[PDB]
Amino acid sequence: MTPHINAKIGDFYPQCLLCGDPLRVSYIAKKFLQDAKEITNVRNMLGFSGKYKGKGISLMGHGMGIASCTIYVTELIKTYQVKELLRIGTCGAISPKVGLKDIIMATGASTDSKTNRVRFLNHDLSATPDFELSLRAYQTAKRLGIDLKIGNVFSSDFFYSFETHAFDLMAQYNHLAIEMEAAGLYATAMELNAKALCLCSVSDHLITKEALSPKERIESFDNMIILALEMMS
């Protein structure tokens, strides 16, 4: 076991969906999986394994923030032998071409974190997903008729930004939304030779000032869930 997962080894399938919200994890396990069992629950961070259309899949929560995500992704890879990690989270739009409930594929993850400078010689690590997972999602979304918005996200240490006047420059550089784990997911997967991709649904628009309740951040995003299950199966 690990200090943050109390599952047995072999309890996780090699493919894992990830959310920050363990209650979103639990909702997916009960609604979309067959024969799902809760396999971990340290610090209330639920994880499950079940079957979707006969194929096995696991779900794990990773909390909020690069440091929290990095903790769970490292243990998933190093102890429980997960090899493919699909984050399906939420994000706050900064592009005007993206609206609430849009699905964003993160083809790179910029950050105001220092974690990647610490990892990578104090230079610029360009944190990116595994291309093949990235193409599976494009194909699967095409096949399901999901309009996937494709671009960079900005992975921040701040949910309440101190740099709102910089959102326009970020959008200009093809950052579609802000979220808080993708750079941590991408850089840890790169460190440990795993395959990762981040999808995110727009729960907030940071320009036009719309938002979603804590409840509809669990249940307004079924298209993203089905997309993730379908491409892992």
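Sequential numbering from 1, following the sequence displayed.
Can you tell me whether 153 to 161 has a higher mean C-alpha B factor than 68 to 76 in this record, or the other way round? According to the entry, 68 to 76 carries the higher average C-alpha B-factor.
Per the entry, where is the mean C-alpha temperature factor higher: 142 to 150 or 82 to 90? Averaged over C-alpha atoms, the B-factors run higher in 142 to 150.
Sort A183, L197, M170, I57 by C-alpha B-factor from the entry and give me just the highest. Largest recorded C-alpha B-factor: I57.
I'd like to know which of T40, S203, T188, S26 has the highest C-alpha temperature factor in the PDB entry. Within the set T40, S203, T188, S26, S203 shows the top C-alpha B-factor.
Would the CA B-factor of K51 place it in the lowest, middle or highest third of its chain? Answer is highest: the recorded C-alpha B-factor places it there.
Should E132 be placed in the lowest, middle or highest third of its chain by the C-alpha B factor in the entry? It falls in the top third of the chain.
Please rank the C-alpha B-factors of the chain's modelled residues and tell me whether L18 sits in the lowest, middle or highest third. For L18, the deposited C-alpha B-factor lands in the middle third.
Comparing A166 with the other modelled residues of its chain, is its CA B-factor in the lowest, middle or highest third? It belongs to the lowest third of the chain when residues are ordered by C-alpha B-factor.
Sort the modelled residues of this chain by their C-alpha B factor and say whether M45 lands in the lowest, middle or highest third. According to the entry, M45 has a C-alpha B-factor in the chain's lowest third.
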